[PDB]
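One structure, as structure tokens, below. Some questions next.
First the proteins, then the strands, lettered A, B, ... as listed; each starts at 1. Keep in mind that the numbers below use all heavy atoms, side chains included, and drop hydrogens, waters and symmetry copies.
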Amino acid sequence: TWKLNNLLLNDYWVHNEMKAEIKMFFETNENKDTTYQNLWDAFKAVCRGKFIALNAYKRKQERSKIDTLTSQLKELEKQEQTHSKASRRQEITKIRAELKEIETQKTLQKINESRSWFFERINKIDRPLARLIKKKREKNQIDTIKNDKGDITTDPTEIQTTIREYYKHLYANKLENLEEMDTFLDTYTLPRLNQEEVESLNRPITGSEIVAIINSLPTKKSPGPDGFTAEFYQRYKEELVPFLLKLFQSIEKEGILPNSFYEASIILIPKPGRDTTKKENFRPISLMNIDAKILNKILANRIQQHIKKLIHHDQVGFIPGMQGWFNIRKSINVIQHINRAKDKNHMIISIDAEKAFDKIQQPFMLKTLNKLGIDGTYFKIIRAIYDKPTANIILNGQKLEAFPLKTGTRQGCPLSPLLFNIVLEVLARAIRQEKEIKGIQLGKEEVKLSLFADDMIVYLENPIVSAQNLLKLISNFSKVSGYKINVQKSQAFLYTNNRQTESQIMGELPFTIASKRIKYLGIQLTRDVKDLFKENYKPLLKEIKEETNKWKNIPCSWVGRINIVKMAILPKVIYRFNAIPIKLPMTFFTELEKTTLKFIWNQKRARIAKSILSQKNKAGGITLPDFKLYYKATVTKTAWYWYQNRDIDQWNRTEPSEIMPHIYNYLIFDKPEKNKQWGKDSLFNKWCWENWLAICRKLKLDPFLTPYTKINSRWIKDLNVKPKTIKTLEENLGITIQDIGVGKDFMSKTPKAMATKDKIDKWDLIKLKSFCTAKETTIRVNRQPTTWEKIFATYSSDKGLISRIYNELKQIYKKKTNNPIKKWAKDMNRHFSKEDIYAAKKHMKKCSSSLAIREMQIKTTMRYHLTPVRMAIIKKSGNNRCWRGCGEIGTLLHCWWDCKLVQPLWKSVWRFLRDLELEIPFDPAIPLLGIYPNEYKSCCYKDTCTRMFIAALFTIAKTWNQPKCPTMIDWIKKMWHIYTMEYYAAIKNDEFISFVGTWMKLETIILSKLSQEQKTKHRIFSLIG
DNA sequence: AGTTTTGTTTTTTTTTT
DNA sequence: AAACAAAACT
RNA sequence: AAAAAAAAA
DNA sequence: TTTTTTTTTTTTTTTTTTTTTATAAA
DNA sequence: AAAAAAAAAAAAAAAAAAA
DNA sequence: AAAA
Ligand SMILES: [Zn+2]
């Protein structure tokens, strides 16, 4: 079955013919007999046909010469076989050689092209490095599977039948009781969209909307069953988008889809560590056509605008701007409340939904949309999409016969996640509204539910009544919706005053009772909150220790191993900090850093100090992750939510408020509080406050009255001013005291303020006039804000907040280090200006795109290499002399520059620079460090010199302790290797004008010095010419 | 008059369902 | 993490 | 080897 | 209830102790 | 020669007792 | 070598 191979899109001739036929198809074809839906499927057939014609022709053309020579040789060899003479064997000898020349040249090019691709990526956080740490990828092929007989089979036709029949049954059964659905939907109170909102859904599609979706499609994804890729639509969006608009407008008008929109391919993937004998162990994934995903993406974006009107904030899955940790922290706070309570009669239930996305009944889903008030053009298009979807299984690369999808949301569809949530919201609203299912009361807060997609946790009081009523309600929803739970797989914590009462409740209820812990949303919830460290963080250390112990022999430099820690370990560490930000002992961070460094330095002591790696200006932009500062950044981030004071944030309100509530709304940028007895038992919030204050005093800020203090603050409320005055000021003039104005500004700065000024209570204005015009209030409020203050006050989005705080903490907690560049300046008798030390650092960043070439320079500048001087100190044995055996003290400058065995190579390099006709002094700082004197700092040739010198550095380092000269031919070979890698990259990324500038003059010199014997032996020949 | 800093944009991988 | 463009500070 | 949201580099 | 003094913890700096056997390619 | 670890000193917060 |  055909797929477009994306490489064809690159090729300027193939591209030109497609543009010709795309225009020519449509302008020929458009006549009033076809519907536009039929005309679109006809267009796709012609395109698929033409791509086959172009691929076949191109392959035939590229081979044409070897095709000819094979014939030409074969008749001459048969002419000899009939009539033999020596010159026929001469001719055979020549042509058969040229056959070998052509065939090897093609073999080289493919090997050099793949090497070039790897050369750009090596040691970078990219798919090659990701694959290195992963296991070997298990093949799709399925040899053997079991029958429901309890029997085992290997016959291909039996296994094809048994898989297909199983999936065909799951999707088959559509409910018919529509009258009973309407009753359930009427029973409860549900939201509605207003007119203005409904006008937004039903508005006509436009071209700008389509191109915005095309531009954002992910690249390198599998195509659907018609085999066109996202890269095709991106490439021809100029010609296609006019016709795509005509298609969607015809769908709006008529409610009819093209037949291809219904098709999908199901691929089966085996589950890890699971027994392939059983069909249940595979997981399906569905591939839909890209044109159908474009339409579905349009619809999902429209409904996403409204979704916060429809869905309560107890649901956080798939919702823009919500966080999964909101439910984790709320749940831990509920468990603490129960642990503290004197009378315990409570239950916490984690509910196991079964295959929820597949089992939703489509008629109930469409009725739900009407009750929320979605109807018209938007509802008509959604109804068309569910009219007749079908799937084909693809097993062992073989396409099985299709079956209808009569239940479920479409498993690979943009629109399915939100449609599932909207249906589940009907159940969530029923549970909240039923007063005989009792929630848990936390001061002014009641908590019943938290949801994440289909995952559900429930918090109940008086369980023996309350849990029975919950099960009844779910049974009723199951009948109409199709949604189903496995009650024995569901786990609960049960709290009772004594064990007789426990035995009774357990007798009646079906659930599995958990004694220590329950896995939830990636973490462990514990029955007592005192065990959070033991169940969450002690295991996380053990997991990282064993994971790095597996990797220890991977073929990777210290540069690549640093990137492994950032790629694999850092994300799971951050996730655990963000879910459970409890006070952690210092030993946790000591074990974590020791483990991580021991891996990076391959169990030998560090070659470069962690303090130099700490900072991005040093070591050419290679940097080591600081886990203490990521921890501190995560703990402090909570203060942003306190200042925002949002009603969606109920996780923040759920902590014990025994002494005094609401204190967190007042803390940030506001008057200090007399009493310290608040927050006595706080798990999260009291520790957040202590970290916030410590950073403010490290900055020597005054945190308590600021250019960002609110009008809704203790500062104003300690004045006795009526709440109507406060709300008047916010509604008219904005929310900061600075928006009022202090001192001479007090209202005068705008006419809107003095327009407001008359409106306020006579006596309140005198109180406010006194405070705002005082000397200290003017001084404190008028100062310029720091970048730290700007983070918490200014930003409307929580996005990016850990990375923003972490970059500040790096500047604040910065520490002093030795500089290797200074030691080099002592090693030579010279002083480097601050401008030279800057050039050394910039060169170390910009000498290459490849980390392979950059690493060699970084090691040279940062004094990586061992020397006999250093080695004699370590062994404390006084032989400090040069391993090469010239009879001299082996300083690092001797090893690189001065040794008489190395000196003939560096003189060779200087002969090439004179053939380039550059006049450059013979100074060790230019090749070793990239420090040019002031005349040459700007020059146009530095790109060339950088390649010559780094090639020479490789050549010396390869024989570091060997008693022989490095040789000119080894240097030429290394330099030509780099040339080859850069050439294929320069084509692939269309940089070729730059490449020719750098290499062209150097290439001419390298070729002029070699003999044809040497060029043949080492395959040195031009790729430009 | 030039260089440096700050923010957005395009590209990778990992967390949950 | 990289690159590119705009504005302020040296 | 697909969909959604979130996070980092 | 606030003020004053002492005690405890955390962080920063200084000083001492111990090391690895060549490197790049893979 | 160079990096990391360990100990000592300094500062700030909390508690205890008296005014 | 460490991709599809
Ligand atoms: Zn020597």
Side-chain angles (χ1 to χ4, degrees), chain A residues 114-115 117-118 121-134 137 140 218-222 224 264-267 269 283-288 293 296 300 304 316-325 356-357 409-418 420-421 452-455 521-522 554-557 560 563 566-568 570-572 574-576 578-579 586 604-611 616 621 625 630 674 676 690 694 697 799-803 806 815-816 818 823 849 856 859 863-867 869-875 883 954 956-962:
Chain A
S114 73
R115 283 175 179 172
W117 177 89
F118 180 77
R121 288 162 189 70
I122 185 173
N123 298 323
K124 288 191 181 189
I125 300 166
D126 207 322
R127 204 177 202 101
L129 190 77
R131 281 303 315 294
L132 177 62
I133 57 163
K134 285 168 190 176
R137 200 173 198 236
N140 285 19
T219 182
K220 308 169 187 177
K221 297 285 183 151
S222 308
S265 307
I266 291 177
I267 288 164
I269 306 300
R283 84 179 190 105
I285 58 156
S286 305
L287 309 178
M288 288 176 52
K293 284 175 174 178
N296 293 14
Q304 204 182 57
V316 308
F318 317 134
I319 307 304
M322 302 294 281
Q323 310 277 330
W325 65 262
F357 284 77
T409 60
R410 298 209 73 172
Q411 269 273 15
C413 182
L415 190 57
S416 158
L418 289 192
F420 180 84
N421 274 0
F452 187 113
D454 67 301
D455 189 25
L521 203 66
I554 62 178
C556 199
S557 72
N563 283 344
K566 287 184 178 184
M567 175 183 78
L570 184 67
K572 80 177 171 200
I574 289 182
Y575 185 89
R576 203 69 57 101
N578 211 12
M586 279 296 295
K604 299 182 177 198
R605 78 182 291 156
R607 294 293 197 102
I608 299 172
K610 64 192 173 190
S611 75
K616 214 179 186 188
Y630 280 116
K674 298 295 179 69
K676 284 187 172 182
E690 294 174 9
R697 72 191 172 233
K799 286 192 176 175
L801 200 57
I802 300 173
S803 83
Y806 179 88
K815 69 194 302 176
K816 195 171 67 179
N818 303 325
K823 299 200 161 181
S849 304
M856 183 74 254
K859 287 173 165 178
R863 305 172 71 91
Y864 180 97
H865 301 277
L866 295 172
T867 60
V869 158
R870 286 177 65 189
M871 202 52 47
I873 296 168
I874 290 174
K875 292 175 183 179
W883 291 316
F954 274 114
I956 296 152
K958 206 173 184 175
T959 66
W960 190 248
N961 75 347
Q962 294 298 342

Check: So what is the 5' to 3' dot-bracket string for DNA chain F, if pairs are Watson-Crick or G-U wobble with both distances under 3.5 Å, crossing pairs use [ ] and | means the partner sits on another strand?
Finding: |||||||||||||||||||
Check: Just checking A/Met322: base, sugar-phosphate only, or nothing, at a heavy-atom cut-off of under 4.0 Å?
Finding: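 Contact class for A/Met322: sugar-phosphate only.
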Check: Which part of the nucleic acid does A/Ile269 contact within heavy-atom distance under 4.0 Å: base, sugar-phosphate only, or nothing?
Finding: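 If one applies the 4.0 Å heavy-atom cut-off, A/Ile269 turns out to touch a base.
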Check: What pucker does C/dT10 show by its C1'-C2'-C3'-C4' sign, north or south?
Finding: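 Sugar pucker of C/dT10 - south, given that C1'-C2'-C3'-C4' is below zero.
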Check: Mind checking if C/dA1 and C/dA2 stack, meaning centres of the six-membered rings less than 5.5 Å apart and planes less than 30° off?
Finding: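 Stacking test on this dinucleotide step: yes.
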Next item on the list: List in chain and number order the residues that pass side-chain hydrogen bond (donor to acceptor under 3.5 Å, both in side chains) with A/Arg863, two or more places apart in sequence or in another chain; answer none if no residue qualifies.
Entry: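 Partners of A/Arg863 under the side-chain hydrogen bond (donor to acceptor under 3.5 Å, both in side chains) test: A/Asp827.
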Check: Looking for any heavy atom pair under 4.0 Å, which part of the strands does A/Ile956 touch: base, sugar-phosphate only, or nothing?
Finding: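 Nothing, no heavy atom under 4.0 Å.
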Item checked: Given the sign of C1'-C2'-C3'-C4', the sugar pucker at B/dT12 ->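 Here the torsion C1'-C2'-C3'-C4' comes out positive, placing B/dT12 north.
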Check: Can you give one letter per nucleotide of nucleotides 10-19 of chain F, 5' to 3': B if a protein heavy atom sits under 4.0 Å from the base, S if only from the sugar-phosphate, - if neither?
Finding: ---SS-----
Note to self: Distance check, P atoms only: B/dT15 and G/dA1, in whole angstrom units.
What the structure shows: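 It works out to 29 Å between them.
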Checklist line | Nucleotide-resolved protein contact map, nucleotides 12-17 of chain B, B/S/- at heavy-atom distance under 4.0 Å | finding: SSS-BB
Check: Any side-chain heavy atom of A/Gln304 within less than 4.5 Å of one from A/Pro320?
Finding: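 Heavy-atom side-chain distance check passes, below 4.5 Å.
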Note to self: Show, in sequence, the C-alpha distance, side-chain angles and deciding distance for A/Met567 and A/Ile133, and conclude whether the side chain to side chain contact (heavy atoms under 4.5 Å, CB included) test is met.
What the structure shows: CA-CA 11 Å; A/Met567 175 183 78; A/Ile133 57 163; 3.6 Å; yes
Margin query: Under 4.0 Å, counting only non-hydrogen atoms across every strand here, what does A/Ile319 touch: a base, just sugar-phosphate, or nothing?
Written below: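 Answer is sugar-phosphate: A/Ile319 comes under 4.0 Å of backbone atoms only.
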Checklist line | Footprint string (nucleotides 20-26 of chain E, 5' to 3'): B base within contact, S backbone only, - free, heavy atoms under 4.0 Å | finding: BBBBSSB
Check: Using the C1' atom in both, what is the distance from D/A7 to C/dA3, to the nearest Å?
Finding: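 So the two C1' atoms sit 23 Å from each other.
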Note to self: Angle between ring planes, A/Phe357 versus A/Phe318, binned at 30° and 60°: parallel, tilted or perpendicular?
What the structure shows: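 Judged by the thresholds at 30° and 60°, the geometry between A/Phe357 and A/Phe318 is perpendicular.
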Checklist line | Geometric stacking, E/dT15 and E/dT16, six-membered rings, under 5.5 angstrom and under 30 degrees | finding: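 Result for this step: stacked.
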Note to self: Once you apply a heavy-atom cut-off of 4.0 Å, does A/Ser114 come out as touching a base, just sugar-phosphate, or nothing?
What the structure shows: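 Since a base atom lies under 4.0 Å of A/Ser114, the category is base.
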Next item on the list: Please work out if A/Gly800 contacts a base, only the sugar-phosphate, or nothing of the nucleic acid, heavy-atom cut-off 4.0 Å.
Entry: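 The answer is sugar-phosphate, as A/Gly800 gets under 4.0 Å only of primed atoms, P, OP1 or OP2.
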Next item on the list: Tell me what A/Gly321 touches on the nucleic acid: a base, only sugar-phosphate, or nothing, going by heavy atoms under 4.0 Å.
Entry: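 The residue A/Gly321 makes sugar-phosphate contact but no base contact.
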Note to self: Base, sugar-phosphate or nothing for A/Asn123? Non-hydrogen atoms, less than 4.0 Å.
What the structure shows: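 Answer is base: heavy atoms of A/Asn123 come under 4.0 Å of a base.
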Note to self: Suppose we define a pair by two distances each less than 3.5 Å, Watson-Crick or G-U wobble; what does C/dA3 pair with here?
What the structure shows: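 C/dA3 is paired, partner B/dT8.
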Write out a two-atom table: protein N or O, nucleotide N or O from nucleotides 3-10 of chain B, distance below 3.5 Å.
{"residue": "B/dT4", "atom": "OP2", "partner": "A/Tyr838", "partner atom": "OH", "Å": "3.4"}

